[PDB]
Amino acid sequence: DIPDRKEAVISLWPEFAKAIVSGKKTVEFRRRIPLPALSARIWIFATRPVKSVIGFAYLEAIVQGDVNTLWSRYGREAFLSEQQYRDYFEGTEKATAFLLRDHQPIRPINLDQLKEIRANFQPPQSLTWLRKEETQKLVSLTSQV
């Protein structure tokens, strides 16, 4: 359940979301964010115009470091451009990197479907923990692409 932090949802722009579930993007950079447990399943919500859960991946490592060293070490796996990285971290010296593995694309679970699982679902700005029952219903709708 939620205290275990094994099931979470994050939101990504469509080109980055699709890059995670295809395995091209294996690092996700964040500022301050609740940290999941290791081996947590991270469901990928793709924002407008897709507005759907389109896959998931598993968290294999959490890195916390300084902005410039993380770009050097992990920027190529993170898919975004250097300008987009500097924009996002403008105003802090600290960065967090999620290292992901075992990406799995699924048939999109659209917004109305997610609203049956969670009445007031909104795309998380950072990360939202899934309740046991919420994870159950989500798994019940997972199908191959």
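Residue numbers run from 1 along the displayed sequence.
Comparing 101 to 109 with 26 to 34, where is the mean C-alpha B-factor higher?
26 to 34 has the higher mean C-alpha B-factor.
Once you work out the mean C-alpha B-factor for both 111 to 119 and 50 to 58 from the entry, which is higher?
The deposited B-factors put 111 to 119 ahead on the C-alpha mean.
Say you rank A40, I44, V63, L80 by Cα B-factor from the PDB entry; which sits at the top?
The record points to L80.
Taking the entry's C-alpha B-factors for this chain, is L127 in the lowest, middle or highest third?
CA B-factor rank for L127: highest third.
Taking the C-alpha B-factors as the PDB entry records them, is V139 in the lowest, middle or highest third of its chain?
Ranked within chain, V139 CA B lands in the middle tercile.
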